[PDB]
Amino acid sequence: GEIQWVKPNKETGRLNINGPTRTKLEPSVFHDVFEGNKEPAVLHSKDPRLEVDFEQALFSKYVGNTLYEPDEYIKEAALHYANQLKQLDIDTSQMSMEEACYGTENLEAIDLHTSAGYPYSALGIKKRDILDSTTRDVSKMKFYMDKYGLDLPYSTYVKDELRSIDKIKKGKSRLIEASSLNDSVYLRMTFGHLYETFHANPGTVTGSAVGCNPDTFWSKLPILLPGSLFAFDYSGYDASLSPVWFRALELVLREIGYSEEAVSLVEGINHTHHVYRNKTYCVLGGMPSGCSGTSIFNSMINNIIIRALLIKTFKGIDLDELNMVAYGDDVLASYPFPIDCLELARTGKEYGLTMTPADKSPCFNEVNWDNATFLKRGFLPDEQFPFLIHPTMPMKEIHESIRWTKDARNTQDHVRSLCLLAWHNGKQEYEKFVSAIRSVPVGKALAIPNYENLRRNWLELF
C-alpha cells in the first residue's frame, strides 16, 4: 500500500474526524506485583516518551507498492486456493439486509456499541439511532443508504492499547480505519454467507482460523498440519499489501462464483480514502484495517501469498501437500518436507512483503510443536492425555495485561479471564500466579477459578 495524495478537508469537503488523545489505561492494583515492559501506546504527538516524529511514524507502514497485476505465480496460487474453497459450496447470493445487520447463526450482528463512522460520527448519530435489535427494522437503514450512498471515507483513529516501550519510543502505534456503517452493511450483504462458511469451518480447507476456539482447536492442528512445520509473521502486513493481492483476491472470488458486480467491491477496499483529523488522504493498496471482512480477507490473501511464494521460490513444490491455517497475517503451515522460510521471505521482499519468524526471533530457526506458536499461544501436550493439546499463552503476556486497566470495575472479570488463559501453563505456574494475585488486598477479594475445575472442564469439552 501507498498514500497517493493528502488534501485539507477544506479542499475535500470532508468533515473533520478527531479522536481521543488521552488513554483510558491506568496502572492496576497489580502493577507492582508483576513485571512488565509495556505502557499505553502513543496517542498524542506531544507525548514526552516520543523520540521521533509521531505522525511520520504513524504512516510509515505505507511502504509502497510493488506489483499491481498478478504474475503467473500469483495466478496459479489464486486458482489453487479457489479450487480448495469450491468444496465448501459458498452461497454467493446476496445476504438479506436484515441478516446483514442483525446477524445469523454463524455471523454476529453489527456491533451496536461501536461508532457508525463517517459522516455519522460527526453528525452525532450513533448506530443505535438507526438500528434496533428488537424491531430488526431495516427501513431506517435503507433511507440512510440512499442519503449518503457508499464508498464513504474511513475515519483514521490511533488505537488505545499496551505496546512494547520500543514501539512507544519509535511512536509506532497502531492505526485503525473506522468504516462507515453503509459500507459495513453492503459488504456484509455481498459476502455475509462467505463469512458464515469461514466462521463455521476454521481449518485447512478455508485455510482460516477465524472462528476457531483455541481450547479445542489446538488438539486438531497437529493432525491438520502434518509434516514439517513452518510459520510467519509480517511486519505491517495490512499496509504492505500491493494491489496485485487484491487483484488476486478478485480472481478467487470470481472462481468460486461471485457475480461481476459482487467482485467489483474489492477495488473499493484496494483504493480507499481516509480522513484523519482535518485532512483527507488516498491509500492505494493496503487493507483498510477496520472494514468488514478484514480478518477473512487478510486470511484469504495470506493463503494466496504463501502458495505464490512457494512455487516462485522452489522447484518441485506440490501445493496439494500444503497445509496451512491463517488468522490475518498469522500463519501455521506444514509440508511433507522442511521449508526454508528465509528464502520465502526473500521472495516476499520482491512483492513488498516484510516477513519474520512468528516469534519475532532475529532469525529463522526450525519450527516444531515444542516451539511453535499461533495467536501468541504455544502447544503443550497434556501430561495425562498426550493427544490433547494445551494452548499455552506465555505467563509474561498475562503479566502485561493484568498490570493495567481501563476501568477497575471489571477487575474480577479481567482477572478471571486471564486465569482461564494461565492454567494451560500447568499447576505450578498457575498457583504461582494465584499466590501473587492473593498477595495484594484486592486479590483476596476476588473469585479465582480452581485449577482442577478448569482442567476437568477442559477435559469434558472432549
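Residue numbers run from 1 along the displayed sequence. Rigid core (definition): largest C-alpha set, two forms, superposition within 1.5 Å.
Take 258-266 and 353-361, fit the other structures onto the shown form by the rigid core, and average the C-alpha distances in 5 other deposited structures of this protein: the farther stretch is 353-361. Relative to the displayed structure, the C-alphas of 232-240 lie farther away on average in 5 other deposited structures of this protein than those of the other candidate, with 96-104 and 232-240 compared after rigid core superposition. Of the two segments examined, 319-327 and 109-117, it is 109-117 that shows the higher average Cα temperature factor in the deposited entry.
Across the two stretches, 90-98 and 208-216, the PDB entry reports the greater mean Cα temperature factor for 90-98.
Going by the entry's values, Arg128 shows the largest Cα B-factor out of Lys75, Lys349, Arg128, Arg247. Within the selection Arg307, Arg377, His271, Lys147, the deposited Cα B-factor values reach their highest point at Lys147. Sort the chain's modelled residues by C-alpha temperature factor and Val138 lands in the highest third, per the entry. When all modelled residues of the chain are sorted by CA temperature factor, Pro40 is found within the middle third. Ranked within its chain, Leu241 lands in the lowest third, by CA B factor from the PDB record. Among the modelled residues of its chain, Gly124 has a C-alpha B-factor that falls in the highest third, as given in the PDB entry.
Ranked against the other modelled residues of its chain, the C-alpha B-factor of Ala447 as given in the entry falls in the lowest third.
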